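Engineer: sharing an experimental structure here, sequence included.
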Amino acid sequence: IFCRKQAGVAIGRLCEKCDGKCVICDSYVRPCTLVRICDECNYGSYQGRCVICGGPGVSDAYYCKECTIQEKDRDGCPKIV
Amino acid sequence: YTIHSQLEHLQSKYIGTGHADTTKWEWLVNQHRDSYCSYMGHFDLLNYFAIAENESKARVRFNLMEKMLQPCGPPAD
Amino acid sequence: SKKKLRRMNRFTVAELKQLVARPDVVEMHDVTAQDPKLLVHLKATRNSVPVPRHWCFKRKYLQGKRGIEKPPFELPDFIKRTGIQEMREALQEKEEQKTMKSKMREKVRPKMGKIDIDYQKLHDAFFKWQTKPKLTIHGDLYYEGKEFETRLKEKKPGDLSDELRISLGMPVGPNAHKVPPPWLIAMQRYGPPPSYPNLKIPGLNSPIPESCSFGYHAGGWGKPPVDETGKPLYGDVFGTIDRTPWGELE
Amino acid sequence: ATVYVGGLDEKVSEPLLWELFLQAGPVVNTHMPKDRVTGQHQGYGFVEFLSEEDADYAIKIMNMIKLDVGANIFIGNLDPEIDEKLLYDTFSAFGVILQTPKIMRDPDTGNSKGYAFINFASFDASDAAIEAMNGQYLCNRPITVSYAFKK
Amino acid sequence: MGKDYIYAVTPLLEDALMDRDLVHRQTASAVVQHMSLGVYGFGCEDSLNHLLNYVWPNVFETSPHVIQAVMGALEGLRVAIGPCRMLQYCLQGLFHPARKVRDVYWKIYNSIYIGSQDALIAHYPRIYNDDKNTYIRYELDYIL
Amino acid sequence: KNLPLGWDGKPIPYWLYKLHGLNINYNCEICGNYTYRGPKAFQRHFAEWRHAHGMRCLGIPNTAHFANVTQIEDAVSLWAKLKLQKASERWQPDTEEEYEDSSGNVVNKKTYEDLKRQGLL
Amino acid sequence: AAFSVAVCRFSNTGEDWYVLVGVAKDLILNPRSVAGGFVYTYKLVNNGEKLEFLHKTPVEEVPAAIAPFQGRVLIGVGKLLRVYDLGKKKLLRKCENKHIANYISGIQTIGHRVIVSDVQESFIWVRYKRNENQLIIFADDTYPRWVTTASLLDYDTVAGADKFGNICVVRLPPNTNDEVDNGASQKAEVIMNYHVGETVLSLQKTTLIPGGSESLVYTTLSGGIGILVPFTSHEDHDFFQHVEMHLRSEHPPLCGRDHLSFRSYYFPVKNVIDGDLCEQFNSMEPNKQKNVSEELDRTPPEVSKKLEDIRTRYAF
Amino acid sequence: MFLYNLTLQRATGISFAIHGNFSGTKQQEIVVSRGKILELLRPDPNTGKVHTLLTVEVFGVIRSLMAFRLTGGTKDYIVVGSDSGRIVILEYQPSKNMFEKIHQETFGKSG
Ligand SMILES: [Zn+2]
Ligand SMILES: [Zn+2]
Ligand SMILES: [Zn+2]
């Protein structure tokens, strides 16, 4: 399930369990570009969380270079809410 | 099927997609509109047409955007 | 019933075949399609690629491959050459003979570096002898049993093989020209094809292949088949620029 | 159209069979639908050349292509220019060959004087083959075949 | 740096795309996906064409993992091989009698369309105009 | 019970018979009003012999273009327009390849050689 | 409306040149419709310093292309590819071929081959067998390409422009059964694919500066002029290959785009390096100039000189 | 074949233009767009000769070009809408003679 309400300028973050993988491609490598999320899945208790685990925002969700070659990173906040 | 809520949201997201029942009319008219939006966007096919007919870029894009409304005949039934 | 009135719109396959501009396409179920004029124009477009066979079938994709026995995959030459396969066969036989106790004994006291295979053998295979396999161009979907027939559509007569020559009685090599095969003999005797014929036999309906020999023993060309007035059986059984590429690497 | 591939060779593959079918004319079908047990060639096959005269002349051409109660036949005026497998296949059109054609050639040289004897399957087989090739067209010296003598 | 071993590996993937099992074809399809995204732009498109021939038949499938890896292989293969080739694979089954085949082809063409909807403008066929509509694009065949 | 044969020559059981749908018969007029049970059977028949013969004697080759056209008047009108198109797209030098005489006026290849070799040109 | 021109001397006559002009009649453009074509021959007199009219043969269509070919002229008139020889009442047709898909906007012909180039499908290789006097197809392309002009690079290779931006080079496979008798028999392959960026309206195989190696000049529709230049050594090739493979990654375009995808807009790139991205190393920044030239482990001198000199030996 | 692509003469035709004080002064600069090119000229008032200061590649299509001034600042930013799914914000550095990317916002797909 996806948020997909369109993108913004607020970076996303990763818990430490979820540390390292891309958001969708589920890679572990060659991350190129930073993730951005929507205000609605940006506010409040959802500030600085794990887009996947829900855990605390510590490490930065990133985008596997394949995902940027196919521009699957131009859709917005992909938060599994 | 919540996948489908999202997927006809996708049909609502991308004007020009299809589904297994889509009609030759919707298909070809959507491709025709897209053709127009790109003749406008790409700065050079505009010169191609401007020069092919003896019109001028304002004339050209005005025609195009008028045609964008019923480009491929009237509707199906 | 409204589907049934559109079903009365559901025209005849001859209706289609006669309407259409390209009739090769028209198939069985084409007609129960909501827009057969489209469907057929599409299927008659250039370069397009038709649906697989097997949407009709009740059996799933290769459950029909189920039955047979199949031989293991065959490596590329340039990888056999580097002699990996024998290393691996040897290690296999070793470790299938060895017993559990000895297995764990080797776990605790390893045979470190039993073998070696040096580099530049590998790096030259992969970077100096790697070569284009056989590929199939746009369109030729693989369907079940397709490999069941190795190759075809060489309707040409001159196409001969060396095992063909050997197991037919004819010669292999530079003599595949000057060797008229045992079928050109009855080509000269009673003819080529009645409605096909567009093939001429070398030494029987074509001229002498390079340095052929006329004579009636084993190893010659015999009587080039001719009429009683002198005109051959067909053709002539006796016999009477700058293609440089512009951008190319040094 | 339909042609009997007789003396159908075991390993002589249907692929090159169809390639010769094409090198003669309309290669439309090459089939030797074999035993349901063996897989190898079953002695008679169907070769369809979709033109009748095509198959006729292709047959005239691909004939002779080199694919104990006395069932041995003497065959003289013999063609010295043959090979073993080709001669065996030609003899076997009317039966099996329980002994390939032993050519009574001189031993001084290795070149024959024109006689042989061949163990076929049946005496009626030697009859039919020796009849169809009595005086008939051998390679260079016309054939002359019949029941064989005993040595 | 797959532009080197793509040739070595193809005859093994074609081997395992001619059936061996569900999981066999699911996995060979994943391999095709990643090869295509690696070899984007280095010209090894004949090899990915060859493997399209073998992957595309699995299009009618049911198992979720299998059809899903197939669809992934076709997005990868879409960037690596271009969207003409794949629109041509997707042409004839858009308007098919059936509905299982209509639906799979419209699923694919949807994903081919979303990404790279703008190339296709030069890849669409020529679809003649009947009586009361206009369907040809005369814009594109002005001479000059 | 009319139950179709198996390899071991027995009835085929009923759910299987229904699957194979033998009940449905196809009137192939080309084949001597032969009529076929089994759909893919029907289809392969179009290249089977009886259809081949039918074609030959119809006066029209067994090329694919008519396969699944089973009525003979349809076949002949189909092959009629097909004939027309083949003759069209043929380039015939007789009517196309055209020759001016010396006199500043033009004819075709045929008429040029005609009056050429019957003593003027 | 005159749309095609060629100067030719038929060999039945001598060195009295004639200009041929295609002149269509009463056209409309967005419907399509025509009245008819006419073939204007002029005798090009005053040693070639004024034309005097000879004849205007009527013909079926807008006669959009004329080509001098082996003592006669090939003419595209819409769907027809007809071979013409000369009279002074009219123009007489010695051959016809009728299989071209839509509309023949180009004819370019080597000593005895023809590369017709229709308006939508492709280049289509056509053969003239003189003794039977036939015009017969043997090899065409596998794509649609709305061509605007093509060029010959050899006996088997043809370069094409395209209305949407692209240039491509298409080559016949090396083994073509030239003489014989979906919709084709055997086809050609594509060996390069480049999205120039603007409509390319004329290619030409040429060398500019004296003794400079050969080249392709392309001249677009927006005031752009350029060249595509071969490589002689996998050392050069691999060099710039890596140069730009890094340049994309660390110095992307300004306007949001990706360079790989912009140059593979319609059909993917194949065997063309972006000299105009490479030549940007100069205007880059010392930090990045370092970083990349150190990946190459050459000095920014080595790179920049190897950049400049490759234009030096081809162009200016 | 293996080819190298070089442009001798840039595209000259003009499609879009804006005028603004793109160097902060009250000497005005003009930013025009060729096809896939952003070129900046400054017209000298003395002779009346326009010097083409900065000619840059952008590898895209400029579909839309509009300058803007912040409420009270002395600079003249550029907003470029091109054929990627992004809006981009540009500025001039005369110190380096180079266009500078302030911000960057994706909103969709390419082409
Ligand atoms: Zn991801
Ligand atoms: Zn949200
Ligand atoms: Zn987490």
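Structural biologist: That came in fine, so what should we check first? Residues are numbered from 1 along each chain as shown, chains lettered A, B, ... in the order given. Ligands and ions are numbered 1, 2, ... in the order given.
Engineer: most proximal residue of chain H with respect to chain A?
Structural biologist: Nearest to chain A, among the residues of chain H, is residue H:106, at 4.6 Å (Cβ to the nearest Cβ). In short, each C-beta sits where N, CA and C put it, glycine included.
Engineer: could you pull out the helices for chain B?
Structural biologist: Assigned helices in chain B, in chain order: B:2-11, B:24-41, B:45-52, B:57-67 (criterion: DSSP state H).
Engineer: which non-adjacent residue is nearest residue H:92?
Structural biologist: Nearest residue to residue H:92 in three dimensions, chain neighbours excluded: residue H:22, at 4.8 Å (Cβ to Cβ, 6 or more residues apart in numbering or on different chains).
Engineer: let me know the secondary structure of that neighbour.
Structural biologist: Three-state assignment for residue H:22 (DSSP: H, G, I helix; E, B strand; the rest coil): coil.
Engineer: distance-wise, check it relative to residue H:96.
Structural biologist: Distance, residue H:22 to residue H:96, by Cβ to Cβ, to the nearest Å: 14 Å.
Engineer: just the CA trace of stretch C:26-46, in CSV.
Structural biologist: The C-alpha trace of stretch C:26-46 is given here as CSV (Å, rounded to 0.1, in the frame of the first residue of the first chain):
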residue,chain,number,x,y,z
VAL,C,26,-7.7,-14.0,-40.5
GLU,C,27,-8.0,-16.9,-37.9
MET,C,28,-10.7,-18.8,-36.1
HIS,C,29,-11.7,-16.8,-33.0
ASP,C,30,-11.0,-13.5,-34.7
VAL,C,31,-14.7,-12.9,-35.2
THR,C,32,-15.8,-13.0,-31.6
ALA,C,33,-13.6,-9.9,-31.1
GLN,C,34,-15.3,-6.6,-30.4
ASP,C,35,-13.5,-4.9,-33.3
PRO,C,36,-12.3,-7.3,-35.9
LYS,C,37,-11.5,-4.6,-38.5
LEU,C,38,-9.0,-3.2,-36.1
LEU,C,39,-7.7,-6.5,-34.9
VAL,C,40,-7.0,-7.5,-38.4
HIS,C,41,-5.3,-4.3,-39.4
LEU,C,42,-3.1,-4.6,-36.4
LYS,C,43,-2.3,-8.3,-37.0
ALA,C,44,-1.4,-7.2,-40.6
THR,C,45,0.9,-4.3,-39.6
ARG,C,46,4.6,-4.6,-40.1
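Engineer: contacts for that stretch?
Structural biologist: Contacts with stretch C:26-46, where a contact means Cβ atoms under 8 Å, 6 or more residues apart in numbering or on different chains, come from B:21, B:23-24, C:10-13, C:16-17, C:19-22, C:24-25, C:48, C:50, E:91-92, E:94-98, E:125-128, F:39, F:43, F:68, G:121, G:144, G:182-183.
Engineer: number of residues surrounding residue F:26?
Structural biologist: Here the number of neighbours of residue F:26 (other Cβ atoms under 10 Å in any protein chain shown) works out to 17.
Engineer: equivalent analysis for the one 4 residues further on, please.
Structural biologist: Other residues within reach of residue F:30, judged by other Cβ under 10 Å, total 24.
Engineer: what helix or strand is it on?
Structural biologist: According to DSSP states H and E, residue F:30 maps onto no helix or strand at all.
Engineer: close to chain H, is stretch G:279-286?
Structural biologist: Yes: contact between stretch G:279-286 and chain H, assessed by Cβ under 8 Å from any Cβ of the partner chain, occurs at G:279-280, G:283.
Engineer: and that stretch, how far out from the chain's middle?
Structural biologist: How far stretch G:279-286 lies from its chain's middle: 33 Å, per Cα atoms, centre = their mean, to the nearest Å.
Engineer: buried ones in it, by neighbour count?
Structural biologist: In terms of neighbour count (16 or more other Cβ atoms under 10 Å in any protein chain shown), stretch G:279-286 has its buried residues at G:279-281, G:284.
Engineer: just stretch C:3-20 next, same as before
Structural biologist: C:13-14, C:16-18, C:20.
Engineer: what's the answer for stretch C:170-177, then?
Structural biologist: So stretch C:170-177, judged by 16+ other Cβ under 10 Å, has buried residues C:170-171, C:176-177.
Engineer: strands of chain A, residue ranges please.
Structural biologist: A:10-11, A:31-34, A:36-37, A:62-64 (DSSP state E).
Engineer: tell me which of these lies nearest to chain D.
Structural biologist: Taking the strands of chain A one by one with Cβ to the nearest Cβ, strand A:62-64 is closest: 48.6 Å.
Engineer: can you list the neighbours in contact with that closest one?
Structural biologist: A:22-23, A:25, A:27, A:29-35, A:73.
Engineer: those: which ones sit near ligand 2?
Structural biologist: Among the contacts of strand A:62-64, not one lies near ligand 2 by Cβ under 5 Å from the ion.
Engineer: in TSV: the residues you listed, plus distance to residue F:84 and neighbour count.
Structural biologist: Output for the contacts of strand A:62-64, formatted as TSV (distance: Cβ to Cβ, whole Å; neighbours: other Cβ atoms under 10 Å in any protein chain shown):
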residue	distance to residue F:84	neighbour count
A:22	62	23
A:23	63	22
A:25	58	19
A:27	61	17
A:29	64	11
A:30	62	12
A:31	65	20
A:32	62	15
A:33	62	14
A:34	67	12
A:35	65	21
A:73	58	24
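Engineer: what residues does chain A put near chain E?
Structural biologist: Counting by Cβ under 8 Å from any Cβ, chain A comes close to chain E at A:66, A:69-71.
Engineer: filter the residues you listed down to just the ones in helices.
Structural biologist: Short answer: these in helices (DSSP H) are A:66, A:69.
Engineer: out of the buried residues of stretch G:279-286, which is nearest to chain D?
Structural biologist: residue G:279 (56.6 Å).
Engineer: how near is the nearest residue to that closest one once chain neighbours are set aside to residue G:297?
Structural biologist: Nearest residue to residue G:279 in three dimensions, chain neighbours excluded: residue G:307, at 6.1 Å (Cβ to Cβ, 6+ apart). Going from residue G:307 to residue G:297 by Cβ to Cβ gives 16 Å.
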